[PDB]
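**Q** pasting an experimental structure, sequence included:
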Amino acid sequence: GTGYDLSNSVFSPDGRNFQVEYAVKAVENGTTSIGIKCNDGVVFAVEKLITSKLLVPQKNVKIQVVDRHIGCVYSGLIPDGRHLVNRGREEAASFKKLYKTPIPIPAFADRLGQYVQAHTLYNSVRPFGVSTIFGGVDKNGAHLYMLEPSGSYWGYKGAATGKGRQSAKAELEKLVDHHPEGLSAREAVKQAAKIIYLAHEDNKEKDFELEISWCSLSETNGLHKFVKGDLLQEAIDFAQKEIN
Amino acid sequence: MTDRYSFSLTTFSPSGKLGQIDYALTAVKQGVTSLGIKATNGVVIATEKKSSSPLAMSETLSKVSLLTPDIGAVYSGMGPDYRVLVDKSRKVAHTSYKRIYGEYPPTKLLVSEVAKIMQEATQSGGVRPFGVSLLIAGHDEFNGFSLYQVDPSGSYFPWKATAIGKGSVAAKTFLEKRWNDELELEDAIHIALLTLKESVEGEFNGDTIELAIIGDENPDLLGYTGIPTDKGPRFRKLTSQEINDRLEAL
Amino acid sequence: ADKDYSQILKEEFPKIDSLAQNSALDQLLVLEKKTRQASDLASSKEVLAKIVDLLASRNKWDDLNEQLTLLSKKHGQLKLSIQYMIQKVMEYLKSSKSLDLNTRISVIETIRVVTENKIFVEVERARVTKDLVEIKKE
Amino acid sequence: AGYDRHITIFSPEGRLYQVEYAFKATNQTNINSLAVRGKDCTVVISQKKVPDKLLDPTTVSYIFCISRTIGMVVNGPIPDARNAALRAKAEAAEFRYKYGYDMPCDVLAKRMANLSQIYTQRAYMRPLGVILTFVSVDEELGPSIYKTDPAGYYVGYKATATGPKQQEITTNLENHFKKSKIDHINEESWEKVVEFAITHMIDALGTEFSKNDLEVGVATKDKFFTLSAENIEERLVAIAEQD
Amino acid sequence: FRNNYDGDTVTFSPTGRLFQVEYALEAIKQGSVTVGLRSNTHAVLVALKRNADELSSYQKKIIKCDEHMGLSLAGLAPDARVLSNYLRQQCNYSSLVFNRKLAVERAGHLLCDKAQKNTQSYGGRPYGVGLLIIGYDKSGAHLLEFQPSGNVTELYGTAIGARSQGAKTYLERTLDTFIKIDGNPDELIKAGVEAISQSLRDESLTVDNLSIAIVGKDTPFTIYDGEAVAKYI
Amino acid sequence: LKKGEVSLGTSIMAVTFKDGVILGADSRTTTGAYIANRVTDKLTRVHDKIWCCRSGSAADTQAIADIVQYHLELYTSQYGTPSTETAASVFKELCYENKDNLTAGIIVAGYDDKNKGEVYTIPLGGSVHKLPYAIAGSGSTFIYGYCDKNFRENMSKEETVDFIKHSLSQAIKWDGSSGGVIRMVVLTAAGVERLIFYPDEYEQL
């Protein structure tokens, strides 16, 4: 039959939730956004779509932090992620409350997906319209994950969500091969800005702003902070030259 | 979220019938044929142990389970459907009888309970009935040995002897042929061996076959000594050997 | 594959170091490690053939047999690589004969690829098949 | 009505299609895997498939270490995978906490077995499309293999494989076991047991495996565990020595 | 079809879309037009009060949740009233709990995921109103817009409901003018007055129809209606 | 320590030292004057390399142990070995919460590789503190001056032992409730080492 598509928790004859798949529709429908596990840390980058003059630039900021060491970014319903962001922002302090320690990214991870996985478990519990690039420096080094409304994330030496991923997918996979060594966050900072523009080129049609952040065990000192100002402008100019 | 299905998941057919129930008996009748015989000297129930794989260790599952030391039962249906019931079934007995009465219920009430259960599984919202029916071997003092068949309908009732599952009919047929009031258990056992072998298409031996009896109280199984009043369980599962033994008694 | 060439070329002398003087491993260890079962730079089968032939010419075609016997076992660069040398080896075992026919006779079912089938190179492994048969005949 | 497939309710046949479809989701991951009780040990091998570079491949396992003693392999989606282990994780310490000694493997199985049967019976509850095999070397039962299904059905195994090609290794081991005639692989070094397995996994899968190819784990007395790629490589090396 | 995919906010389109949202999104433009803008100094609301009849009163689209914070609406008032009240709590709450003014920023954060819950949760529905929200704070005057999609944005200016584009285009056209009109609410206002005139279509703004609000630096959220709108008319 | 549960008494003490931490306490469990179990093992494994000295109600602590251990276990079953600190964090809650139901002073001592041994006090106050070394229990009183003077940091493995043993014996000597035998447990990179000392030994030190 059909209708398997309709209700979340339903296993279609193939054993599949098409809603989740439909969620993925909304997911890829998300603005292209990337993240980079770099040497000490991870770096998060996303195009900020400028729809108008009236948009106050730099105000609306897609990447959100959990604790101070966990940066997160997602393509999908901005309410979804934020909803889950706080949902995450909970668990850390929660964890950190019980365990006195800020939560390990991986620890922090599985929490989320299970929660997300809940959003699979019932036909009504509409999964989240977001897949989310997230991670940061934790007790051991950085980590970078990107989580599916399925409840699938994994370790990602780089990750990209949104439309322009494929522009990025190479770009990351490039720097994978360009830098199987590793990369300074700042170069990841630089590289990403390109990649995003490149990722943006999928979306190239309209003006956009660029949100980039990062967790550098070096620079943020095991924290997540935003790529900002000159090094931001650098990476831009870096990128905006390399886009040419 | 949660369950928003609170409504009876089986409903009166235009004929008043309850389809899922009537569908349950399907899968119930589907069950690997399981038999039971209430003999004079005791009760024995039997069924073939169905291995889905030789790698799979058949013994590691038991289609018959003791409930009270004098009570055990068999099913025909989904092993899982068989699984949880016993737990409750055993549990409720302690709770709803023993822990009250400090002793093991008359099989009837013990039976009566799980019957009630499945009715709930029948009528409750968000639930389906179980995919098993239950041939129930029990002995209590005043009611002696007892043989009870219970459905996912919870419909239950005594037997002199019986069988359920896939080939139950011709077995029961053969049983009805075979049965008398006076059947001795080993007879009935042998009878079941006869009976079950009939419904046994696959390998027929102790390792393939599950036989349990309500025998005498089994002080060997008392597991302790120095209490005269406690003479052990009446329920007994026979060995693959004792089967394979009595399979030569064929 | 620069080192695959270079380290070979490095081993070239390094073999010729103890070849002219084993360095059988000098040649080997390079591709032995590098290609192993898992290519690093991989190499040319030559780099492995280089080994084999620097083995071959230098060593006993007796030992080379047993050598390649094991080299076969890890990987080679491929089910092919060595067994081309192994093929010319048979000419060179026949560049040997008697016992080096018997050494060849050794090489026969050491791995089939001389008289028989592991590799598909029957155009060769058939030869030694008959070629030994031709002797087996004799 | 036809919802009977959409939901868990007895089909006209008394059948549960979501279940039957959950069975689809089981190999939907398309990972073949095995569980072999060694003599001393129990060993579990599985396909580690690393489709992407961007992956951190290390992160990829369906074999999960449940307890001190107990691990489990999952056959099914990693969300549902990651779930049941969690679910399993509780019971152990729980059981242990409650019962003062660690949970026996099958208990978890029987436990986890109960779980789907619920969802099986619990319509809004969906059962999970993962097939799970629990293994340990049980203080009582020694080497142990317990596989469970989306249906809450489960059993002990002299050994098992699972995956799309399960039947093949199934035959293989069934062949080898009907051959070997003993429930367990008789080897004192689980290494050999592993090496035996990786053989017979390579064997029946007709598939040579790199160390990145294999999800490999070993249930040993008091400790279930797994191997790095190097023990795997050691095996790959070791197994390359028998052949 | 959609009745398959639209009916449930829990249920994506095959394209992964929630038509109820899109539906709620429809009631938006269905709503009366209203306008808002901010300077860095002040943040101004300009509303079109629609009535039922002349006999009836004129529906007010502007809300005060707070001195530093008040908002305007288009689409379903009942939702916002809650939300506003709900919000009113928050500034209160904050200034209760923390003696801290709710960040107009932090405000927008709230309703979003709050709205998000309306979305992902079956049996329910989104709110039927998108919001224009002016606020002034330690970070200054902030005009924020909300979407029953949950999505919020700070704009220098904006308008919603019906045909807000005319103002909007003009406003987006007007952009740097008002944002630089600073300490001059009036022209901040009259910009909107012109703005709303842009998206004025049916008739002109009136004493009854025009509604106006401003929060600003030292301008608390302050609503202007009738004679208060009369001079700006 | 409710009426009818047994009284441990003695004195529990633990010292992080050059190789790690060692736990120690007496074996004496008294009921008023009557020692219920003189041989009791009062040192306790919440975790392999993370451990505890239990004072206050055993029934408190005894349960308390199972609790945190259960969690750490599960936590480890999830996230692996928590820090020795992380375990006490779990305790701290319990204490800092159920304190009004709780009589437990606890020395949380555990060996981390990175941080070597880690001493953590949790008095009944639900407060938590890391120390170079800890002493608690009855006779801890008498020996504070002793330990304080006679303690040193990165004392060798044995230096820890007998100084502790003396510390304990003093307490054991001095205290009535402190006695039975000295059980010590060494937590190092090496691992857990339980020790025992008989009165005929440590009585005389």
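**A** That came in fine, so what should we check first? Residues are numbered from 1 along each chain as shown, chains lettered A, B, ... in the order given.
**Q** which residues are in contact with the residue lying closest to residue E:33 once chain neighbours are set aside?
**A** Leaving aside its chain neighbours, residue E:33 sits nearest to residue E:161 (4.0 Å; criterion: Cβ to Cβ, 6 or more residues apart in numbering or on different chains). Every residue, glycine included, has its C-beta placed from N, CA and C. Shown in contact with residue E:161 (Cβ atoms under 8 Å, 6 or more residues apart in numbering or on different chains): E:28, E:29, E:30, E:31, E:32, E:33, E:34, E:48, E:61, E:74, E:75.
**Q** in strands, which of the residues you listed fall?
**A** E:34, E:48, E:74, E:75 (DSSP state E).
**Q** pull the most distant pair out of those residues.
**A** The two members of those with the most space between them (Cβ to Cβ) are E:48 and E:75, at 13.2 Å.
**Q** neighbour-wise, which of the two wins?
**A** More crowded of residue E:48 and residue E:75, by other Cβ atoms under 10 Å in any protein chain shown: residue E:48, with 28 against 24.
**Q** could you measure from the more buried one over to chain D?
**A** Residue E:48 sits 46 Å away from chain D, taking Cβ to the nearest Cβ, to the nearest Å as the criterion.
**Q** just checking, that residue touches residue E:205?
**A** Yes - Residue E:48 is within contact range of residue E:205, at 6.8 Å (criterion: Cβ atoms under 8 Å).
**Q** quick check: residue D:88 touching residue D:113?
**A** No - assessed by Cβ under 8 Å, residue D:88 is found out of contact with residue D:113, at 11.3 Å.
**Q** can you pull out the helices in chain B?
**A** For chain B, helices defined by DSSP state H occupy the ranges B:19-30, B:79-92, B:100-101, B:107-123, B:168-178, B:185-199, B:240-248.
**Q** need those in TSV with mean neighbour count and distance to chain A, can you?
**A** Shown next, in TSV, are the helices of chain B (neighbours: other Cβ atoms under 10 Å in any protein chain shown; distance: least, Cβ to the nearest Cβ, whole Å):
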stretch	mean neighbour count	distance to chain A
helix B:19-30	22	17
helix B:79-92	20	18
helix B:100-101	12	38
helix B:107-123	20	20
helix B:168-178	18	33
helix B:185-199	23	34
helix B:240-248	16	38
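**Q** can you list the ones you listed in JSON lines and add distance to residue E:189?
**A** Shown next, in JSON lines, are those (distance: least, Cβ to Cβ, whole Å):
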{"stretch": "helix B:19-30", "distance to residue E:189": "68"}
{"stretch": "helix B:79-92", "distance to residue E:189": "71"}
{"stretch": "helix B:100-101", "distance to residue E:189": "80"}
{"stretch": "helix B:107-123", "distance to residue E:189": "67"}
{"stretch": "helix B:168-178", "distance to residue E:189": "88"}
{"stretch": "helix B:185-199", "distance to residue E:189": "91"}
{"stretch": "helix B:240-248", "distance to residue E:189": "94"}
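**Q** nearest to chain D among those helices would be which one?
**A** helix B:19-30 (2.9 Å; Cβ to the nearest Cβ).
**Q** and the angle from the closest one to helix B:168-178?
**A** Helix B:19-30 and helix B:168-178 are oriented at 60 degrees to each other (axes from the mean of the first three to the mean of the last three Cα atoms, to 10 degrees).
**Q** all good on my end, thank you.
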